[PDB]
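J.: model the structure of this input:
(one chain, ligands or ions: 2)
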Amino acid sequence: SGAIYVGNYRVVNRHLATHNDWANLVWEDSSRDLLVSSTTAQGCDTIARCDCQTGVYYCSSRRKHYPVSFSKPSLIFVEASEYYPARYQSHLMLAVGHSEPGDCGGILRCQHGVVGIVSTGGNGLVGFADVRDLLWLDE
Ligand SMILES: COc1cccc(Cl)c1NC(=O)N1CCC[C@H](C(N)=O)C1
Ligand SMILES: [Zn+2]
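T.: Numbering: from 1, shown residues only. Ligands and ions are numbered 1, 2, ... in the order given. You can find the structure just below:
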(Lines give C-alpha, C1' and ligand atoms only; values in the text may rest on other atoms or scores of the structure.)
(Ligands and ions follow the chains in the order given, each with its own letter.)
Protein backbone atom coordinates (compact mmCIF):
# COMPACT_ATOMS: atom_id res chain seq x y z
CA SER A 1 0.00 0.00 0.00
CA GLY A 2 1.02 3.65 -0.38
CA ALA A 3 0.29 6.91 -2.18
CA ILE A 4 1.89 10.16 -3.34
CA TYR A 5 0.23 13.36 -2.03
CA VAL A 6 1.06 16.43 -4.18
CA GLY A 7 -1.01 19.64 -4.32
CA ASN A 8 -4.69 18.60 -4.27
CA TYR A 9 -3.96 15.14 -5.78
CA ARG A 10 -3.45 11.61 -4.41
CA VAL A 11 -1.62 9.19 -6.73
CA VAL A 12 -2.16 5.47 -6.11
CA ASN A 13 -1.79 2.09 -7.89
CA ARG A 14 -4.98 1.78 -9.98
CA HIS A 15 -5.48 -1.84 -8.76
CA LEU A 16 -5.49 -0.61 -5.10
CA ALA A 17 -7.73 2.50 -5.56
CA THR A 18 -10.58 2.75 -3.01
CA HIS A 19 -14.32 3.56 -3.57
CA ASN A 20 -13.37 7.16 -2.49
CA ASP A 21 -10.55 7.44 -5.09
CA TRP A 22 -13.02 6.46 -7.89
CA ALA A 23 -15.69 8.89 -6.55
CA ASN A 24 -13.09 11.71 -6.70
CA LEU A 25 -11.46 10.58 -10.01
CA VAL A 26 -9.15 12.96 -11.90
CA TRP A 27 -7.41 10.49 -14.27
CA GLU A 28 -6.66 6.80 -14.56
CA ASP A 29 -4.68 4.59 -16.95
CA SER A 30 -5.00 0.80 -16.72
CA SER A 31 -1.98 0.37 -19.03
CA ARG A 32 0.21 2.29 -16.48
CA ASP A 33 -1.50 0.87 -13.29
CA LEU A 34 -2.04 4.51 -12.13
CA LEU A 35 -5.03 6.42 -10.72
CA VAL A 36 -5.12 10.02 -9.46
CA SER A 37 -7.95 11.40 -7.27
CA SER A 38 -8.67 14.82 -5.77
CA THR A 39 -8.09 15.78 -2.14
CA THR A 40 -9.33 18.69 0.01
CA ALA A 41 -6.05 19.06 2.00
CA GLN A 42 -2.73 20.14 0.47
CA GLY A 43 -0.25 17.24 -0.04
CA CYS A 44 3.18 16.63 1.53
CA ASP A 45 5.30 15.40 -1.54
CA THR A 46 7.47 17.07 -4.48
CA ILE A 47 7.71 15.37 -7.93
CA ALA A 48 11.11 14.89 -9.65
CA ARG A 49 11.37 16.39 -13.17
CA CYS A 50 14.60 14.62 -14.29
CA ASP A 51 16.17 11.60 -16.05
CA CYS A 52 17.71 9.93 -12.94
CA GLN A 53 18.23 6.17 -13.17
CA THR A 54 19.33 5.72 -9.50
CA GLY A 55 17.28 6.31 -6.37
CA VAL A 56 15.98 4.83 -3.13
CA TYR A 57 12.64 2.98 -2.66
CA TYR A 58 10.60 1.99 0.40
CA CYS A 59 10.08 -1.80 0.73
CA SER A 60 7.19 -2.46 3.20
CA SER A 61 7.88 -6.24 3.32
CA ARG A 62 11.28 -5.46 4.93
CA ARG A 63 10.32 -2.11 6.69
CA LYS A 64 13.46 -0.75 4.97
CA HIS A 65 14.64 1.58 2.20
CA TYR A 66 16.97 0.17 -0.50
CA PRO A 67 19.12 1.84 -3.16
CA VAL A 68 18.39 0.85 -6.76
CA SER A 69 19.54 1.35 -10.42
CA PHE A 70 16.44 1.30 -12.66
CA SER A 71 15.74 1.16 -16.46
CA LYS A 72 14.14 4.11 -18.36
CA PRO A 73 10.31 4.07 -18.56
CA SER A 74 9.27 1.44 -21.10
CA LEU A 75 6.61 -1.07 -22.32
CA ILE A 76 7.12 -4.33 -20.38
CA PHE A 77 5.11 -7.55 -20.49
CA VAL A 78 3.35 -8.27 -17.16
CA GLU A 79 1.88 -11.71 -16.39
CA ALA A 80 -1.86 -12.11 -15.63
CA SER A 81 -2.80 -11.43 -11.99
CA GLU A 82 -6.10 -11.25 -10.05
CA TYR A 83 -6.23 -7.54 -11.05
CA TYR A 84 -5.33 -7.58 -14.77
CA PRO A 85 -5.23 -9.89 -17.78
CA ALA A 86 -1.74 -10.58 -19.28
CA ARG A 87 -0.66 -7.32 -21.05
CA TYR A 88 2.06 -4.72 -21.74
CA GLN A 89 2.36 -2.13 -18.94
CA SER A 90 3.73 1.21 -20.16
CA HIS A 91 5.95 3.81 -18.35
CA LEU A 92 7.33 0.95 -16.17
CA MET A 93 10.96 0.94 -14.86
CA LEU A 94 12.65 -2.27 -13.65
CA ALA A 95 15.34 -2.73 -11.01
CA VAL A 96 17.00 -5.56 -9.08
CA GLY A 97 15.52 -5.43 -5.59
CA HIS A 98 13.25 -7.28 -3.19
CA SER A 99 9.51 -6.94 -3.60
CA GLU A 100 6.28 -8.83 -2.68
CA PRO A 101 2.70 -8.09 -3.94
CA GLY A 102 1.80 -5.94 -0.86
CA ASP A 103 4.82 -3.70 -1.61
CA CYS A 104 2.85 -1.82 -4.32
CA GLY A 105 2.61 1.87 -3.47
CA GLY A 106 6.09 2.18 -1.92
CA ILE A 107 7.72 5.44 -3.12
CA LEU A 108 10.89 5.58 -5.27
CA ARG A 109 12.80 8.90 -4.80
CA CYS A 110 15.94 10.43 -6.27
CA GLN A 111 17.80 13.62 -5.13
CA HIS A 112 15.11 15.67 -7.07
CA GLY A 113 11.94 14.26 -5.44
CA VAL A 114 9.34 11.52 -6.07
CA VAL A 115 10.08 9.41 -9.19
CA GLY A 116 7.28 6.81 -8.99
CA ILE A 117 5.68 3.99 -7.01
CA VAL A 118 6.17 0.21 -6.78
CA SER A 119 3.78 -1.46 -9.27
CA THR A 120 5.25 -4.92 -10.21
CA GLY A 121 7.86 -7.45 -9.03
CA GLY A 122 9.11 -10.99 -8.82
CA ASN A 123 12.17 -13.21 -8.18
CA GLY A 124 14.51 -10.43 -7.03
CA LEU A 125 13.01 -7.76 -9.31
CA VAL A 126 10.97 -4.64 -8.60
CA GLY A 127 9.03 -2.48 -11.11
CA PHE A 128 8.07 1.16 -10.58
CA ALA A 129 5.29 3.08 -12.32
CA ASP A 130 6.92 6.40 -13.40
CA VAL A 131 5.15 9.70 -12.58
CA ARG A 132 7.79 12.27 -13.81
CA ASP A 133 6.00 12.88 -17.12
CA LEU A 134 2.72 13.91 -15.38
CA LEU A 135 3.51 17.66 -15.45
CA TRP A 136 -0.07 18.64 -14.47
CA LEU A 137 0.47 17.14 -10.96
CA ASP A 138 2.28 20.44 -10.06
CA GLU A 139 -0.57 22.74 -11.15
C1 LIG B 1 5.12 -5.88 -6.29
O2 LIG B 1 4.42 -6.90 -7.02
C3 LIG B 1 4.90 -8.18 -6.97
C4 LIG B 1 6.08 -8.57 -6.33
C5 LIG B 1 6.46 -9.90 -6.33
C6 LIG B 1 5.69 -10.86 -6.97
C7 LIG B 1 4.53 -10.47 -7.61
CL8 LIG B 1 3.62 -11.69 -8.46
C9 LIG B 1 4.10 -9.15 -7.60
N10 LIG B 1 2.83 -8.78 -8.15
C11 LIG B 1 2.75 -8.15 -9.34
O12 LIG B 1 3.75 -7.88 -9.99
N13 LIG B 1 1.49 -7.84 -9.78
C14 LIG B 1 0.25 -8.05 -9.02
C15 LIG B 1 -0.48 -6.73 -8.77
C16 LIG B 1 -0.66 -5.95 -10.07
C17 LIG B 1 0.69 -5.74 -10.78
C18 LIG B 1 0.51 -5.01 -12.10
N19 LIG B 1 0.96 -3.76 -12.14
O20 LIG B 1 -0.01 -5.56 -13.08
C21 LIG B 1 1.33 -7.11 -11.04
ZN1 LIG C 1 16.39 12.75 -10.35
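
J.: tell me the residues of the protein that contact ligand 2?
T.: By the rule Cβ under 5 Å from the ion, the part of the chain lying against ligand 2 is 48, 50, 52, 110, 112. In this view, the C-beta of every residue, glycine as well, is placed from N, C-alpha and C.

J.: turn the residues you listed into TSV, including neighbour count.
T.: Output for those, formatted as TSV (neighbours: other Cβ atoms under 10 Å):
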residue	neighbour count
48	19
50	13
52	15
110	18
112	15
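
J.: surely residue 21 is in a helix?
T.: Yes - judged by DSSP: H, G, I helix; E, B strand; the rest coil, residue 21 forms part of a helix.

J.: so what's it closest to, chain neighbours aside?
T.: residue 37 (4.2 Å; Cβ to Cβ, 6 or more residues apart in numbering).

J.: ok, which stretches of the chain are strands?
T.: Using DSSP state E, the strands of the chain run over 4-6, 9-13, 25-29, 34-38, 54-59, 64-69, 74-78, 87-96, 107-110, 113-122, 125-130.

J.: the third one: partners in the sheet, and parallel or antiparallel?
T.: Strands flanking strand 25-29 in the sheet, each with its direction: strand 34-38 (antiparallel) (DSSP bridges).

J.: neighbouring contacts of the partner strand?
T.: Contact partners of strand 34-38, identified using Cβ atoms under 8 Å, 6 or more residues apart in numbering, comprise 8-14, 17, 20-22, 24-29, 129, 131, 134, 137.
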